[PDB]
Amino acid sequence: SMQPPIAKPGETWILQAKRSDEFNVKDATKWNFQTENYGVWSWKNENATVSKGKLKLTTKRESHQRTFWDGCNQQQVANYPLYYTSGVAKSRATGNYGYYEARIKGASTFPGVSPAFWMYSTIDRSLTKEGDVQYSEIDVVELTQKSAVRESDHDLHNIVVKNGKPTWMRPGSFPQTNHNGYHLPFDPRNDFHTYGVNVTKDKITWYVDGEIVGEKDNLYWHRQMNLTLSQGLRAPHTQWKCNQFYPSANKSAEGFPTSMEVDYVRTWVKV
């Protein structure tokens, strides 16, 4: 009977079991704890742990190598050295419309990592018609990835066909449609806070501790997306160019390991 906080009097919402978890146990049937790699780190199942009611996604200083896509040079690079590994929990089930919420505590270290609660689809390059959306990504929240620790991002990413060309749209390039910046009234690294988003075919509304911190028209986010909790690497350990991250020369172990904690994630679909 558990209902979402945005439920209005007289409404009924249904919890989506496959995209909801109170994290009493590490459920590998529901979550993929070692998804495809990207960025300048690698996911490791061991970096995702569940203890005392919370999911802990840890970023560790851990040298390793893996094939790396060097977008700037449009080439795959074998045995590419990386310096950090991290944790992820990606729902195997997909969806779009509904209310999503996660109770999260950010990592203590800053700057360097970004706790994230988001959802993304697969990229379908077969959709080439004008206006076709090949990729949809809704970021409920991306913490501590800006200059000040209290600045949070509630963004959108997508690929849409414009003038017959698949076009990438990111918060930085198309802020009016893809970016919601917010100055948190608290340090996200202190205690748990609730981050949510209500997705409908027409609107996307973001929430932080019950307050609306963002709203956009749902222009390109109707694709099936996997609900994800993950912690990414950021400056001073990264550089950003050619639409992707690259490692920086700062591979300090100080401040690591560091982890974000998720008390729970709840997803509902309105009746």
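In case it trips you up, residue 1 is the first one in the sequence shown, and so on.
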Of 165 to 173 and 149 to 157, which one has the bigger average CA B-factor? 165 to 173
Going by the mean C-alpha B-factor recorded in the entry, which is higher: 33 to 41 or 228 to 236? 33 to 41
In this crystal structure's PDB entry, the residue among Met119, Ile104, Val113, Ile123 with the greatest CA B factor is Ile123
Comparing C-alpha B-factors across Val199, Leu82, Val141, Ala78 in this entry, the winner is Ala78
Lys129: CA B-factor among chain residues, third -> highest
Using the temperature factors of the C-alpha atoms in this entry, rank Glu215 within its chain: lowest, middle or highest third. lowest
For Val50, the third of its chain by CA B-factor is the highest
Once the chain's modelled residues are ordered by C-alpha B factor and cut into thirds, is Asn180 in the lowest, middle or highest one? lowest
Using the temperature factors of the C-alpha atoms in this entry, rank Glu261 within its chain: lowest, middle or highest third. middle
